[PDB]
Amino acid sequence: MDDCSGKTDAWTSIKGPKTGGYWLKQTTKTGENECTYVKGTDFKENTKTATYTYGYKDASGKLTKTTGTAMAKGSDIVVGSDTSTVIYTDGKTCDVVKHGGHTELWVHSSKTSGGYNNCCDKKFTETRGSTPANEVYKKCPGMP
C-alpha cells in the first residue's frame, strides 16, 4: 500500500519515534552543510512542542549543536523565525518537507542505510520538480 497522501502533521514529524534523530539525506539546496541533522528531546504532547538540537559538520569534522524550541502549527514546524512545512511524514523513518523554497528528504538514524518509507521518495520527487537533488549525508559523525 501507498498511504502517502494527507500525512502532513507537523507534530508527528517533530516527534518521530522519539528516539535517535534525523539526517538530511537529500535537498534541492546546493552548498548545503554536510551532515545536517536534527534530534528531538523534551517532547510535550499537550503543547506539541519539543527541544531540537540541530547542526552539521564543522571544519574539524565534528557536529555543531544548536538548541531551539520546535512548535507544531498544523503542517508547519516552527523554530523561531524559520518554518518547515511537512509534505509527508511517517513519524518513524523519514520526512519530506518544504523549507525556505527547498525540498528536503530527512531519514531517521535507524534507516540511514535505506529501507525508509518509500512514500518519502515519491513525495520528495513530486515536490522538487525539475530542481536536482543533492546528497548531504557524507562522512558524518554520530548522531548527538
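Numbering starts at 1 and runs along the sequence shown.
(message) Using only C-alpha atoms and the B-factors in the entry, which stretch averages higher, 61 to 69 or 79 to 87?
(response) Averaged over C-alpha atoms, the B-factors run higher in 61 to 69.
(message) Going by the mean C-alpha B-factor recorded in the entry, which is higher: 134 to 142 or 4 to 12?
(response) According to the entry, 134 to 142 carries the higher average C-alpha B-factor.
(message) Maximum C-alpha temperature factor per the entry, among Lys39, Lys29, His99, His108, belongs to which one?
(response) In this record, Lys39 carries the highest C-alpha B-factor of the candidates.
(request) Name the one of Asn33, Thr103, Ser113, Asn117 with the greatest CA B-factor according to the PDB entry. (result) When the deposited C-alpha B-factors of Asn33, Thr103, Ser113, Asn117 are compared, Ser113 is largest.
(request) Can you work out whether the C-alpha temperature factor of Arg128 puts it in the lowest, middle or highest third of the chain? (result) According to the entry, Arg128 has a C-alpha B-factor in the chain's middle third.
(request) Ordered by C-alpha B-factor within the chain, which third holds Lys25? Give me lowest, middle or highest, please. (result) Lowest third of the chain for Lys25's C-alpha B-factor.
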